[PDB]
Structures are given as C-alpha cells and as structure tokens.
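Residue numbers (this note's numbering), protein chains in the order written: chain A, 1 to 498; chain B, 1001 to 1531; chain C, 2001 to 2028.
Think of the CB as a built atom: it goes at the ideal place given N, C-alpha and C, for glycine as much as any other residue.
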Amino acid sequence: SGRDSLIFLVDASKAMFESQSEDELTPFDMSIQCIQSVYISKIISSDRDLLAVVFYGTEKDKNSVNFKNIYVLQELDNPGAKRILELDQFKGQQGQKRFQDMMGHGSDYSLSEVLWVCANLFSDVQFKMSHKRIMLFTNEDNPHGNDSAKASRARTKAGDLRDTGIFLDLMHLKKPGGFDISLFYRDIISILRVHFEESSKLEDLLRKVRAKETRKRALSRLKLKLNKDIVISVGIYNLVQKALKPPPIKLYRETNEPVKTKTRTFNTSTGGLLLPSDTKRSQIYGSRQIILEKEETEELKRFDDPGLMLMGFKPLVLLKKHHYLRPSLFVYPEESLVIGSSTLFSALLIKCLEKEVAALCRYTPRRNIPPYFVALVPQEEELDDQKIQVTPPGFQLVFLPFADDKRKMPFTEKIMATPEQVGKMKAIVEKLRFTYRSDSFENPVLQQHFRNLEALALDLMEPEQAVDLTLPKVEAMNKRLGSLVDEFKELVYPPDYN
Amino acid sequence: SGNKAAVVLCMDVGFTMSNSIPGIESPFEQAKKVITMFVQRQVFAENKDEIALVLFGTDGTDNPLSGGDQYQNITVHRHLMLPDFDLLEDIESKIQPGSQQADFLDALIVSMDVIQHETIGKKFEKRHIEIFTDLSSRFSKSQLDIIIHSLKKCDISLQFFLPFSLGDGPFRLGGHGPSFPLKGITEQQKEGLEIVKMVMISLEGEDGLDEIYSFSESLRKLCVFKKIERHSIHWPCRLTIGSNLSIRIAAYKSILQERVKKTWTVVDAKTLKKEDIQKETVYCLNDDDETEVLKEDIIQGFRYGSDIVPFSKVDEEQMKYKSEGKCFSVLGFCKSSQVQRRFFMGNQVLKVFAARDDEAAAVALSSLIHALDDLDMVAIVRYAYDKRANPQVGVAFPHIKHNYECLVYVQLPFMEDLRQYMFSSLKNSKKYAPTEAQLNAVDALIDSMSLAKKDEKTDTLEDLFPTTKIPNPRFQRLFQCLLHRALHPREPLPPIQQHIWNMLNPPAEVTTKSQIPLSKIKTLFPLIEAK
Amino acid sequence: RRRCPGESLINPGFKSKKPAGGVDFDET
DNA sequence: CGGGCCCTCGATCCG
DNA sequence: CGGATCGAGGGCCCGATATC
C-alpha cells in the first residue's frame, strides 16, 4: 500500500511564454491548465495522494536550501480547493501577466539543483510514499547545450534519482523546429524520437478523471475446504461495486467543524443508560410473544461455518443466465495464509476450464451467517496486445438463488408474432446496432454530484453540468429509421388503440 | 388485496404408518415433519389462508361424514380456520399414531366436505387438498368417478405425498438421491399408486404426475406451497424505443432475495415491553473535547478532499441531478457476446412481460423478443422505476419458452462502479505451475465429484444437486427455534434438524465417489499454514 | 511480488480508460 | 397502507 | 491500527380507497 507522491516541475523560460501554433495557448498556459485538471481529478480518484508544484527559471527563489531560481509554489500535500484557486491565478494570458509580476521569468537555472530540490521534497515526507514521480513540463529540448558542466551534473543527478526510486517523465511541449529527445531528455527520463508537438500524454492529463477508484482491498480471506482434511486459503475480492454518493458530514453553523454523533439507548422509566444484558428481543405473533436473547437470535443464525465448502462440479450449461441474485465476486488464492494453495488453485482452474465445469461451493462469509450456494466459474487470464491483464485468472463466485429467491411468475397467454413482424424488428435492430463497452456509461448522479462540488469549491456561480450519457440519442434514431418505424407501428398496432 | 386459500391436510395416521423401515423414520414421523414445515410457514408468515387437518386411520371416528359405518377411523382434528400455536403443539406431540387403517379415498371425501361447507361466499381464491399416505392400506374404487367429478366442480387441486418417489444402501431424510428404499414396496402400494396416477392425470393432465412427491423431497422444496403461493406483484411501464415507437409493458421481479419478514423489537428482560426502552441521539464534538453540540445549529456539509464545504440539504435538492423519470428507455442493441454475466449488478432481475389484456402490445413485444433471439443480440436500456429513483443502465435479453415469452432485464454497471485491479498471472507462474500427475489428479477429482448425470443415452444432463430448488435454510430453522421457544420456554434452543443438513449436503453417491480422488490429491497437493 | 502499473497512467495498478461511448453506430 | 427506493447507522473484518 | 461494505433498520411517493 501507499500514498502516492507527485511533483509537477514547470519550466519558466522565455520560450515557454511564446505560443507556437497561432491562436493557441502558451506552453506555460497548457501546463498550468493541465496541472489544475490533474488536481481536480485527484480530489476524486484519490484524496490521500500528495501533490506538489515547483517552478524553475524564475528570478524570485523560495526553497528549502535557498537554491537560486527555484520557486516551490506548493509543497507535497493533499489536494485542496484553495490550491486549485492559487493555480487559477496563472491560467490564461492575464494569469501569465500575474506570474511575471509575482516572480520573474527566463532566468538562468541549473537542472542539477532543480532535481536536488525535488528529491529533497520527497525527503520531507513521513507517510509511506508508494510511488515517487516527477513530471517535467518543458519545451526546451537542449537547455544546457551551451553549458557543459550544468548538463553533465544534471545527467548525474538524474541517475541518482532513478537509483533512489523516483520516476522521471517528460511532458515535452511545442518547440520551433521540433523537440529532440536524443539531444536531451533521452538519458534522463525513466523508460518517440522527434516530437515537435506537445506530448500526446497531455490529452490524457488534461482530460478530467471523475472516478472514485480505490486501492485493492481483499474483501475477505476464507478457507476453501475441499474436504475435512484438504483446506486451501483463498481471497475474496469484489471486482465490481456500486459507487454511491458520499455521506454528508454534520457541521456547526459558525465554526463549520465536524460533529461526532453518539446514538445512546437508555430507559424511559429510569432515564439512565441501560446495559445490553438487561435487554431482550421480542416478536409478537397475534397474541403470543416470543422472547429470545441476543445470543439466541444469533445462534439460530449460525448455520454453516465461515469458509468455502466444495460441493462438487456442475457443467456450465446448467448455470442459467437469468439466475442472478447479487453481484458476483472474484476468488483468487491466498498463499500468504496456506502455502501450496496457489498450486492446487491453478490445477483446479486449468482442469475446470478444460472440462467446462464450475465448482459448486457452500459459501459462508462470516460467523453466525446462513450459507448460500455459489458456483465458482473458471475465468481464464486474458492479456491484450499491450500485455495488459484484461481478465485476471481465477474463479468468478456466482451467487445462486434458493427456492425462496425465485419469484413466481404471472401466467400470460403465449401470442407469437408473425415472421414478417420479427424479420422487420430484425431490420430495426440491424439499423440501431452499436458497439458496447463495459465502461461506456458514467453514473449521471455521481458525475453531477462531483461537478457540483467542484464548482462550489471554485466559487463558480455556474455549476458544471455533466451531459447525461444514459439518455438515448432520440433525434439520431429517428434520422436512422423514420419510415421503418412508421411501417412496423402500422403492421402491429391497429388504429383503434386502447 | 391478498391471495386467500382453503387448505385441508389429509394425513394417514394408521398403524402401518407407524410401521417403520430400518434406518428410515416411519412415514408417520416423515409426514408429521412435512406437515409441521407447512403449518410453520403459514403460522409465522401470518398468511390469511385457512388450514384444516383431517387424519385417517386413527382409533375411532370424529364422525365428519360417518353417518353410519361409513368413513370410520377418520378424525377431523382441525376445521378450516387460520392456523395457530395450539395446532402446531398438537402436531408436535399430541397427535399419536393410530392402530386402525382407513381408505385414503374415503378420507379425501371427508376433506372435500370440509372445503364444500367452510368456503361459502367466495371467501377463498384457491382450494387445495394435500394427502399424506403410504398406500399400504386396502381401498375401494367405488366412488372414484364421483370423487374426480366433485373435485373438478368444486375447483379443488390435489397433491399426494408418499414415503417413496416416482422412479438401496443407507438412507438419509432430505438427502438428494437415495431417499426411499428401492425394494420394500408392496403390491398394495403399487395398486394404490396406479390409482393415484390416474386421479392426478384426470385432474391436471399429463403434468399432474409431477404433483406426486415423496416426503423426503417434499422437505427440500417449496412444492407444498406451490398451489397456495401468492403471485408476484407486477407494475406497468412503457418500453420507449426512440420517438414514436413504444410498447406498453408490465414488469415484475423475477429473482429477488427473500429476507426475514418479522423484525426483532427490543424489549426489557423483566417487563418485556417496547415502551420502557428509548434511544436518543446525542451530538458531541468530533474534536477531542465532546461538549454537546446543539441539534439545531448542526449544518450539512460535504468533503472536497482536504476542504470541508457546507452544502445544506436545501441547496442540494435544487442543485442535484433531476432524472427524466422515463422508464425502460432503449439505448441501443449489441451482440449477446458483448454483455458478460460478470458485469451484472443490482439485487433483482426483472421479467418484462406484455401488458395484460393487450394484444397489440403483446405482439409488439413478441416481435422484439424474436428479433433479438434470431439475430443473437441483446438490448442496452435505461431504466428507472420512478423519477425519484436513480437511473440505471442494464441488459434486456430475450427469453422464449414453450409456455411463456418475455424479456429479462438485469442492471449493468457504471464506469464508477467498475474496479480494475492487477492479479499475478498463474498461467505462467513458474513457482506455482502444477505437474501432470497433479493435473490428472484434479481431473479425477472433477470426474468423481460431478453433480450431473445425463438421462437416457444422449438426452439432456439431469442435475443431481439443483440448488435453486432447495429452500433457504434460514426460514425453516428460524421457525423451528421460534416454535420451540413458544412451546418450551424453559428449554434452551434446539439444534439444527438433521434433515436440513441432509438437504444441504450433496448426494451420498458424490461424497462416496470423491473419497478416493480426495485422498490422492491430499498427498499430491502439499498444504502447510504460514505463521 | 509482481507490481507493474503498466498503462495505469496517473493511478498505478489501475487501468486507464476512455470515458466516452454509447453513440458509436455501425452503418448496416 | 402498501410498495419500492434510498440512505443512515452498526457490526465485521482487512490495511 | 480507519475504510469499505452489507445486513436491517429508518423515512418519502403513489394507485386503491371509503369518503362528500
């Protein structure tokens, strides 16, 4: 685990304030806006991440060891609304003017000292830095080409940073006559060729990431008991989980500080706090009142013990697509508890995939919990052309419903459509054809929720309106099939409709 | 507003019911266990359905029709009325096996007279009789034609429960498979069975034979309520494809996790009253100092990373996303392969049926169902039960069966809901790759522990462990304990009844088959705990 | 153990993905 | 007067 | 070692509803 550290290093030389492509923002403006976009995305994806903003080549120097021409605007710290507000003072042409006024520009710098200050910035962090990363925004392909000493010292310090564990990524911006990596940045960066335009990576950085993504959390570590004597240890992971609106925090009208809630249970007759031993649970059916202790109410609840109990192997064809009860889980071995689990798990996955059969188990997640029948469907590993794990290898824990969970159906008379009507519905489907992606849609409630909090935080009167992706493109659909729509409607519905 | 029904349980209590086959609980105890299971559900679920109990072959006659020498050894223990704890207490211990034997058809006639007289004035929506016998007793074929005629004219459905199933070694009640002695059936039982078959076919056609169960299988199913189960509540909408094209639909929850109906009210251990206990919410500062914070001065706030921004509920309702409220709107169509079962979300499955008493909408929907079926495609739709509900995006796939035709909606995930983690590869884990002997050992394990058998020669695989048919043990276990405390307050809670363990464990043949391969994989697969 | 962020970009160990989709139509 | 939804707390485990 | 999550509580709408 860890809190991630990210340092944004921005060049402030004369070349950075001149825009190349006409009617286009200056490389500096591009950087400032990109940084702001990352900050906002981070206040959504991971708030504990620590960010920092350092400028170089400025006349005014503000830094730990008072290195000339290094202005550390923001130290390594969590993202905040005021930090984004401070960067907004440099956004645009007027913000550029504000920058030149607060601090100078185009001053002689020394990349060696710049990377030392950045490294010294990681030095001052106490919490676990899981990732150390520096993103250098510059449009100078060969800065110390004239100064040989500064260039070699910078190459040496870049090596020292990689040997420390710091990642160095270049965000090359538009340069007259192209940007050359071979001249400089080729050896310093942690691993193309001429790249005259701003690094494509900018489109991704600039694009806002309104996602509440969370560090991998094994939901539970259970025992998969093949038999009384054969027990392997597995980790249950929830690969899909409905992301919900964060709960509000109860504050105070003046101080605006959080208020802790303590929900206390006490007597009416006496007024004092009642002990849990003095309380009992009751259920009244008509006239009879059944009294059970809290322990008894849980004892009837015990049933099976916590863990996975292998029932057998059911062929996948028997598992029906319409028998979904609650969202599926992912089973992966846990070598950390029982050594040799992964080997048996691998053998089981391979032979289950070969035989096209799922492992039926009796799932009991915690103590004093009734069991449920689950089917571990063998999931094979899938890697794309980029060698990225698109589907991890293991078992999908598919929850199967009990007789109680299958609801009775209202018997309707079977009325089958004529082949002309179905072939015609085939034409509508063929025309409304589209490509489905699992990540095709974003939750509009959440998207609006976080757009509202961002706009209120930036004191922007206008709230940022997320376009609802879940609504169908009605007009486009009418354009694609207008006549066909009137034709079927004519074929099935008579004019004397209800 | 509720589905009512007159149920009469006709139990054979004859001496032969007390006659027990070694290892197996006597049909009397088996039938008692099944009846108690039924009454328990109707009692604790408080269904407004009336239940009567007739016992045949008991010593003597409670003269329900015994006008003479007729219908002897038949006692109407309970007349049609709402079941209570006194009835459960009587079944549990008061009712004892009798020494005489009666004609099961005569008892059926007594039950029919109960229904005929106690249902006056369309009080009940459904009428049902459940016969519990062993067929070992001799019987007369004299009024069978009249019995069938009176059953049809009164619209009463039947259900038979025998100690054996329609089709040796040890036997465990509620278990899957060997749940009745293969040998041990008498010619008298065979003759009675042939009459039972004919009667069930005469009432419900060829599929009537599916309504003849064995006590064991009856315990691991909800078939006993099948006829009195209340139909699921459906709600209407419109499937809106685009503009101008629409379809009047009515969807209901096909799958929905059945949870505890009754809630545990907290009462005092001495007085046993809700009034004496009260929960008050107190506000204290989050800060180290917990001075009381005024309930009125509390303002609503939300966190924006480090900053805490005060956002009152009033401004929230105004600034929040206003849903268009349109339900089941179709977004588009994609191939079946694009929608993977692993991405299914929610806690329900909806079956989108055609609006009742609407032919044009029934055909309009049938056309889409068959078009998606023939093209092997599905429909990505937008769904919301109301404008207040958060909008959902899900899959709508065709579902055509011999009797019914419908679309099946299952909610799919949003980008925020999806979680991407990286797991270590195992295909090429040099450290965990298994040997050929290990793989052929797992091969023997899967072959030995297979839960499916293919009936006939090439027919469809017959499942030996249908879990979707087994009832959630939570309910019958709760009813067992609740009744035990109501009747035996002095005694502590009883243990889990063995038949519940028998119905939850796989068929004995699978457990026995797995013995050998499990022992080979134990030695082949080394296991050690990490400490 | 194995801990490659790969194409995770800003969030290491978390695959980065395109936000759009739903209106890309093939012309049958 | 019930039915579906959704949120808020409370208890259980992992990081 | 606090979050994240999930059972089982609570509170707002909406078709049947005895009601003028």
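Partners in chain A for residue i, counting only beta-carbon separations shorter than 7 Å
i: B/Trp1264; result: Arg281, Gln283 and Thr297
i: B/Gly1305; result: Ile43, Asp47, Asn78, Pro79 and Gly80
i: B/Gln1100; result: Those within 7 Å of B/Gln1100 in chain A number zero; the least Cβ separation is about 35 Å.
Closer than 7 Å at the beta carbon, the chain C residues around residue i
i: A/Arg433; result: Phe2025, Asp2026 and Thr2028
i: B/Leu1375; result: Those within 7 Å of B/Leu1375 in chain C number zero; the least Cβ separation is about 11 Å.
i: A/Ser440; result: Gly2021 and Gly2022
Distance between beta carbons of residue j and residue i, contact taken as under 8 Å
i: B/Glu1324; j: A/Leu471; result: 7 Å
i: A/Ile35; j: A/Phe8; result: 5 Å
i: A/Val429; j: B/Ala1361; result: Not a contact, Cβ separation roughly 19 Å.
i: B/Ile1380; j: A/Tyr436; result: 6 Å
Three-state class that DSSP yields for residue i in the structure shown
i: B/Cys1010; result: strand
i: A/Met16; result: helix
i: A/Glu490; result: helix
i: A/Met425; result: helix
i: B/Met1415; result: coil
i: A/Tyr109; result: coil
i: B/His1117; result: helix
i: A/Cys34; result: helix
i: A/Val390; result: strand
Chain B within 9 Å of residue i, Cβ atoms only
i: A/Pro143; result: no
i: A/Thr214; result: yes
i: A/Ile415; result: yes
i: A/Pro371; result: yes
i: A/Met425; result: yes
i: A/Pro365; result: no
i: A/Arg407; result: yes
Per-residue contacts from residue i into chain C (C-beta, under 9 Å)
i: B/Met1422; result: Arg2002, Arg2003, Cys2004, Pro2005, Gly2006, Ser2008, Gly2013, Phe2014 and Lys2015
i: A/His131; result: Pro2005 and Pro2012
i: A/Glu430; result: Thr2028
Residue i: contacting residues in chain C (beta-carbon distance under 8 Å)
i: A/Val485; result: Residues of chain C passing the Cβ test: none, with the nearest at roughly 16 Å.
i: B/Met1415; result: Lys2017 and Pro2019
Span separating the alpha-carbon of residue i from that of residue j
i: A/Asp11; j: A/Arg155; result: 17 Å
i: A/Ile134; j: A/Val54; result: 10 Å
i: A/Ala243; j: B/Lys1152; result: 55 Å
i: B/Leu1239; j: A/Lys408; result: 23 Å
i: B/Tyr1432; j: A/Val374; result: 26 Å
i: B/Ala1031; j: B/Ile1131; result: 10 Å
i: A/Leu319; j: A/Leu400; result: 9 Å
i: A/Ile43; j: A/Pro327; result: 28 Å
i: B/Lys1183; j: B/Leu1166; result: 13 Å
i: A/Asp304; j: B/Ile1470; result: 16 Å
i: A/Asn238; j: C/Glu2007; result: 22 Å
Closer than 9 Å to chain C by CB, residue i
i: B/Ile1241; result: no
i: A/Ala476; result: yes
i: B/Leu1331; result: yes
i: B/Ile1148; result: no
i: A/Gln386; result: yes
i: A/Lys473; result: yes
i: B/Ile1380; result: yes
Chain-ordered neighbours of residue i on chain A, where CB pairs are closer than 9 Å
i: B/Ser1425; result: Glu381, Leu383, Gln389, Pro392 and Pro393
i: B/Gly1301; result: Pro248, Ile249, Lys250, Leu251, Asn256 and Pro258
i: B/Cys1334; result: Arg433, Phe434, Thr435 and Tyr436
Any non-hydrogen atom of the ligand MG within 8 Å of residue i CB
i: B/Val1008; result: The model on display carries no ligand, and the ligand MG is accordingly not part of it.
Residue i: contacting residues in chain B (beta-carbon distance under 8 Å)
i: A/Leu337; result: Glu1529 and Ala1530
i: A/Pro378; result: Here the premise fails: no neighbours, minimum Cβ distance about 11 Å.
Cross-chain neighbours of residue i in chain A, by beta carbon under 8 Å
i: B/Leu1065; result: Going along chain A, no residue has its Cβ under 8 Å from B/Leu1065, so there is no contact; the nearest lies around 32 Å.
Any chain A beta carbon closer than 9 Å to residue i
i: B/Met1319; result: yes
i: B/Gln1340; result: yes
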